[PDB]
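A.B. asks: Once you've had a glance at the structure underneath, I'll fire off some questions.
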Amino acid sequence: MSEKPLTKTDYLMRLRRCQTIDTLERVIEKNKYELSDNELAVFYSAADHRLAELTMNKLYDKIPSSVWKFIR
């Protein structure tokens, strides 16, 4: 809507659509090389938010520095 690659929510929303992390992770690698640096920025930023909640169970957007520092 605002940008060709869409917003972090556009990709992020489709990212969670996956069935599992193990399989979804496989697509992260392919998608990373699939699109370009422009859409990837949205794919990377979205993959982190998901990864964040994975560590906090189901909490994202409010991930502190301590929690993030733990998970890489």
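Ideal geometry is used to build each Cβ from the backbone, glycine not excepted, and the neighbour counts take in all protein chains shown. Values in this text are rule-based calculations from the coordinates and carry no lab data.
A.B. asks: Restricting attention to the range 15-26, which residues are exposed (fewer than 14 other Cβ atoms within 10 Å of the Cβ) and closer than 11 Å to residue 47 by Cα?
C.D. replies: Across the range 15-26, the qualifying residues are 16, 21, 25.
A.B. asks: If you take the residues in the range 57-72 that are within 19 Å of residue 9 (Cα to Cα) and of a type in the set (A, V, I, L, M), which one is surrounded by the fewest Cβ atoms within 10 Å (Cβ to Cβ)?
C.D. replies: This residue is 59.
A.B. asks: In the range 1-14, which residues are under 8 Å from residue 42 (Cβ atoms), among the hydroxyl-bearing types (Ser, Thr, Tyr) and assigned to a loop (DSSP other than H, G, I, E, B)?
C.D. replies: Of everything in the range 1-14, just one residue is under 8 Å from residue 42 (Cβ atoms), among the hydroxyl-bearing types (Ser, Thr, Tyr) and assigned to a loop (DSSP other than H, G, I, E, B), namely 7.
A.B. asks: Still on this model: Mind listing whichever residues of the range 15-43 are among the basic types (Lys, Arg) and in contact (Cβ under 8 Å) with a residue 24 or more places away in the chain?
C.D. replies: Within the range 15-43, just 16 meets the criteria.
A.B. asks: Counting just the residues of the range 13-72 that are touching a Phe, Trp or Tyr at 6+ places or on another chain (Cβ under 8 Å) and among the charged types (D, E, K, R), which one comes out nearest to residue 3 (Cα to Cα)?
C.D. replies: 39
A.B. asks: Exactly one condition in (1) surrounded by 12 or more Cβ atoms within 10 Å (Cβ to Cβ); (2) among the acidic types (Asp, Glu); (3) more than 13 Å from the chain's Cα centre (by Cα) is false for residue 48; which is it?
C.D. replies: Result: residue 48 fails condition (3) only.
A.B. asks: Return the residues of the range 27-38 that are more than 12 Å from the chain's Cα centre (by Cα) and surrounded by 12 or more Cβ atoms within 10 Å (Cβ to Cβ); say none if nothing qualifies.
C.D. replies: Within the range 27-38, 35 is the sole residue that qualifies.
A.B. asks: Can you say whether residue 6 is touching a residue at least 12 places away in the same chain (Cβ under 8 Å), at positive phi and surrounded by 12 or more Cβ atoms within 10 Å (Cβ to Cβ), as far as the supplied structure shows? Reasoning before the result, please.
C.D. replies: On the way: touching a residue at least 12 places away in the same chain (Cβ under 8 Å): yes; at positive phi: yes; surrounded by 12 or more Cβ atoms within 10 Å (Cβ to Cβ): yes.
Criteria met by residue 6.
A.B. asks: On to the next question. Test residue 57 against the criterion of being out of contact with any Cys (no Cβ under 6 Å at 6 or more places or on another chain), polar (S, T, N, Q) and in a helix (DSSP H, G or I), and give yes or no.
C.D. replies: Values: out of contact with any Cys (no Cβ under 6 Å at 6 or more places or on another chain): yes; polar (S, T, N, Q): yes; in a helix (DSSP H, G or I): no.
Against the criterion (out of contact with any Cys (no Cβ under 6 Å at 6 or more places or on another chain), polar (S, T, N, Q) and in a helix (DSSP H, G or I)), residue 57 does not qualify.
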